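Asks: To start, I am sharing the structure in question, which I have written as structure tokens.
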Amino acid sequence: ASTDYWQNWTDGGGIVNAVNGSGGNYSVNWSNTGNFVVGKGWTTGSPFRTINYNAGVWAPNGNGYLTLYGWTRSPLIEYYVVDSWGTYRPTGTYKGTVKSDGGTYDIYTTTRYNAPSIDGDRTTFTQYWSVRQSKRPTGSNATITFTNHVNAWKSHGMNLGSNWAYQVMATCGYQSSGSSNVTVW
Ligand SMILES: O[C@@H]1[C@@H](O)[C@H](O[C@@H]2CO[C@@H](O)[C@H](O)[C@H]2O)OC[C@H]1O
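Here is the structure:
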């Protein structure tokens with residue numbers, strides 16, 4: 001499918017050279033950053049969407065995630081489906097596991113306090129995570145069957161909000177450097 005949303009957010013720290021390429025393609029070169037999220041996807045997320053991507057380059061030198069990323073409002077929730085990472089594997093409060101698209105993911109919940117959100121300003125919100133147990137190899141056509149994650153989260157009392165915001169296949173980083181090139185469809 002054609003992507004219709006371009007996400008390019010940085011808190012202003014360091015260098016974040018994000019390129020909005022042709023179709024669903026984008027690349028990022030980052031150096032000595034603060035927090036940032038770059039990615040392509042859809043303006044309105046869906047719990048039924050099947051996301052396809054191919055990360056031609058996934059080369060983080062530090063803390064960075066290659067992850068499905070999105071938000072819902074009512075309640076405000078930031079969610080992730082992490083396929084690969086750099087030096088740090090994100091974890092939180094363990095809820096259980098889900099097998100999807102050839103991999104096994106651990107399910108975690110964390111909370112952010114006085115942090116930036118899609119609404120602007122700062123607030124406290126919950127984060128839902130599905131983190132692969134082992135890094136998924138990159139360079140190949142990968143699929144994330146999002147429904148499997150949504151259903152598993154629900155079975156663990158992790159309900160998403162009623163108002164869906166954007167949903168993208170992103171490159172997130174925190175105080176690191178690196179490069180990525182990803183195509184989303
Ligand atoms: O849409 C943008 C959001 O992506 C941003 O929220 C931060 C995203 O990075 C995560 O690591 C943080 O938890 C989260 O605060 O807020 C700005 C908004 O424009």
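All residue numbers in the sequence shown are consecutive under the entry's author numbering, ending with 185. C-beta atoms are modelled at their ideal positions from N, C-alpha and C, and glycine is treated no differently.
With the cut-off set at 8 Å, would you say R136 and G92 are in Cβ contact?
Replies: no
Asks: Grab the span of the beta strand (DSSP E) containing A115 for me, first residue to last.
Replies: Segment 103-116, the beta strand (DSSP E) holding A115.
Asks: Quick check on DSSP: helix, strand or coil for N148?
Replies: helix
Asks: Measure the beta-carbon distance from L76 to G12 and round it to whole angstroms, keeping in mind my assumption that it falls under 8 Å.
Replies: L76 to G12, Cβ: 23 Å. No contact.
Asks: Please identify the residue among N32, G14, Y5 whose C-alpha is closest to the C-alpha of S22.
Replies: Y5
Asks: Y94: which of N25, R132, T123, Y26 sits nearest, CA to CA?
Replies: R132
Asks: Using a 10 Å radius around the Cβ and a threshold of 16 neighbouring Cβ atoms, would you call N159 buried or exposed?
Replies: Label assigned to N159: exposed.
Asks: Going by DSSP, name the residue or residues bridged to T50.
Replies: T50 has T145 as its beta-bridge partners, per DSSP.
Asks: When you measure from the CB of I77 to every non-hydrogen atom of ligand 1, does any distance come out below 7 Å?
Replies: Outside the cutoff, so no.
Asks: Is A115 near ligand 1, with its Cβ less than 7 Å from a heavy atom?
Replies: yes
Asks: Among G62, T33, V82, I107, which one has its Cα closest to the Cα of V168?
Replies: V82
Asks: Which residues in the same chain as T109 place their Cβ atom closer than 8 Å to its Cβ, once the five residues preceding and following it in sequence are excluded?
Replies: Result list for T109: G92, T93, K95, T126, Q127, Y128, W129, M158, in chain order.
Asks: With a threshold of 7 Å on Cβ separation, who are the neighbours of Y53 within its own chain once the five nearest residues in sequence on each side are excluded?
Replies: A142, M169, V182, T183, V184
Asks: Report the CB separation of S180 from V57 in whole angstroms; it is logged as a contact under 8 Å.
Replies: Beta-carbon to beta-carbon, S180 and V57 are separated by about 6 Å, close enough to satisfy the 8 Å threshold.
Asks: Beta carbon of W42: closer than 7 Å to some heavy atom of ligand 1?
Replies: no
Asks: Identify, in the order they occur along the chain, each residue of the same chain with its Cβ nearer than 6 Å to the Cβ of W85, setting aside the five sequence neighbours on each side.
Replies: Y65
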